[PDB]
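What follows is a single structure, written as structure tokens, with notes after it.
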Amino acid sequence: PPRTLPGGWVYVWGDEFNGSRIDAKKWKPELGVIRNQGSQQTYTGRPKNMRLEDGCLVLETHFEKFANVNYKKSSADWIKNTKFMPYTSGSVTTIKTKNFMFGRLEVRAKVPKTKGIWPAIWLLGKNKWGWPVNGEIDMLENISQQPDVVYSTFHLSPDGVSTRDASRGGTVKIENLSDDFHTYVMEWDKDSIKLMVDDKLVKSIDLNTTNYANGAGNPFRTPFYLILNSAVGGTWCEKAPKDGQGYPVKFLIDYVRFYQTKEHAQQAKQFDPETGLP
Ligand SMILES: [Ca+2]
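10 is the number of the first residue of the sequence shown in the deposited numbering; add one for each residue after it.
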């Protein structure tokens, strides 16, 4: 786990996942049905779905009918009224363990390949806004139909006012992307965000264009928490088969490394994290 990188970067936080077990002061399981009224999976902290094998985090998706721990808890009717899901999988979140604000975030991962799988590396902004105004940085999203295509994608409202999703995203095709591990990299100042695979640029954003109207002030100059997950289905994503053909399937994260220059820790201290204003 290098401490340096040329550019006077320096390791600040991460996980090579070499432990006896997932480190609870670094990751927490998401539990139950969380998102996407078209999804087919419920999320569990059970090693079945979540564990360290061969020095990766393993998020492992099983065709398996399983009760939704949110079956009558949470304020979304379709979650609140869905007793069971076919399909269990894993999701870890730093929501409660680590927030990131400026730096370079390196995530190395091999992705599953079967009908309906939706592996994702992504971050949500913690600030006075709710989705999508808070912000969302999708380093990776992949879907079954188009399995060699990497989507990286920013989500945010057009001004501070409208809560419509004025998203900006790019794509690269990597041929047989499921064969090898690829490094997903986000560089982030208070002036831009770069989202790469494998040193190929998927999407840049200039943050001098994501200012929100009046005061409000920029969702991308607040801290963001990290999510590693495999969903199943989606309103757009091939749905996984009624009978679970192709499953089980694994999403392997070799490592998560966060780095910061003197510069990136400097810029952080100089913005109201609740708003992104100077
Ligand atoms: Ca590792």
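No residue lacks a Cβ here, since even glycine has one placed at the ideal position from N, Cα and C.
The closest heavy atom of ligand 1 lies less than 7 Å from the beta carbon of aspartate 263. Membership of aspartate 215 in the beta strand (DSSP E) is indicated by the continuous run 209-215. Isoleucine 146 carries a strand assignment under DSSP once its states are collapsed to helix, strand and coil. Collapsing the DSSP output to three states places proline 128 in a strand. In the three-state reduction of the DSSP assignment, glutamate 39 falls in the coil class, being assigned neither a helical nor a strand state. A straight line joining the alpha-carbon of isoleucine 236 with that of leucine 132 spans about 6 Å. DSSP places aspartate 263 within a strand segment (E or B) once states are collapsed to three.
Secondary structure at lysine 182: strand, using DSSP grouped into helix, strand and coil.
No heavy atom of ligand 1 is found nearer than 7 Å to the CB of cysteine 246. Between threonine 51 and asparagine 77 a beta carbon distance of about 5 Å is seen, short of the 8 Å cut, so the two are scored as contacting.
Under the 8 Å Cβ criterion, the stretch 208-221 counts as touching the stretch 155-169, having at least three qualifying pairs. A residue is called buried when at least 16 other Cβ atoms come within 10 angstroms of its Cβ; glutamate 184 does not meet this threshold and is exposed. A residue is called buried when at least 16 other Cβ atoms come within 10 angstroms of its Cβ; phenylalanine 93 does not meet this threshold and is exposed. Between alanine 129 and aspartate 263, the C-beta gap is not smaller than 8 Å, which leaves the two residues out of contact. By the criterion of a C-beta distance shorter than 6 Å, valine 265 is surrounded in its chain by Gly23, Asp24, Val116, once the five residues flanking it on both sides are discounted. For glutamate 62, the enclosing beta strand (DSSP E) covers residues 59-62.
For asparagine 223, the shortest separation between its Cβ and any heavy atom of ligand 1 does not lie below 7 Å. Residue pairing by DSSP places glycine 242 opposite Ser48 in a beta bridge. Under the three-state reduction of DSSP, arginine 12 is assigned to coil, being neither helix nor strand.
For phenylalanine 26, the distance from the CB to the nearest heavy atom of ligand 1 is below 7 Å. Around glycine 17, the same chain offers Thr270, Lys271 as residues with beta carbons nearer than 8 Å, after the five sequence neighbours per side are excluded. DSSP, read as helix, strand or coil, puts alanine 118 in strand.
Non-local C-beta neighbours of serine 100 in its own chain, meaning closer than 6 Å and more than five positions away in sequence, comprise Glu39, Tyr52, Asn238, ordered along the chain.
For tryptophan 127, the closest of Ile152, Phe267, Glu283, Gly64 by C-alpha to C-alpha distance is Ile152. Taking one beta carbon from each stretch, the stretch 98-113 and the stretch 173-184 have fewer than 3 pairs nearer than 8 Å; the two do not touch.
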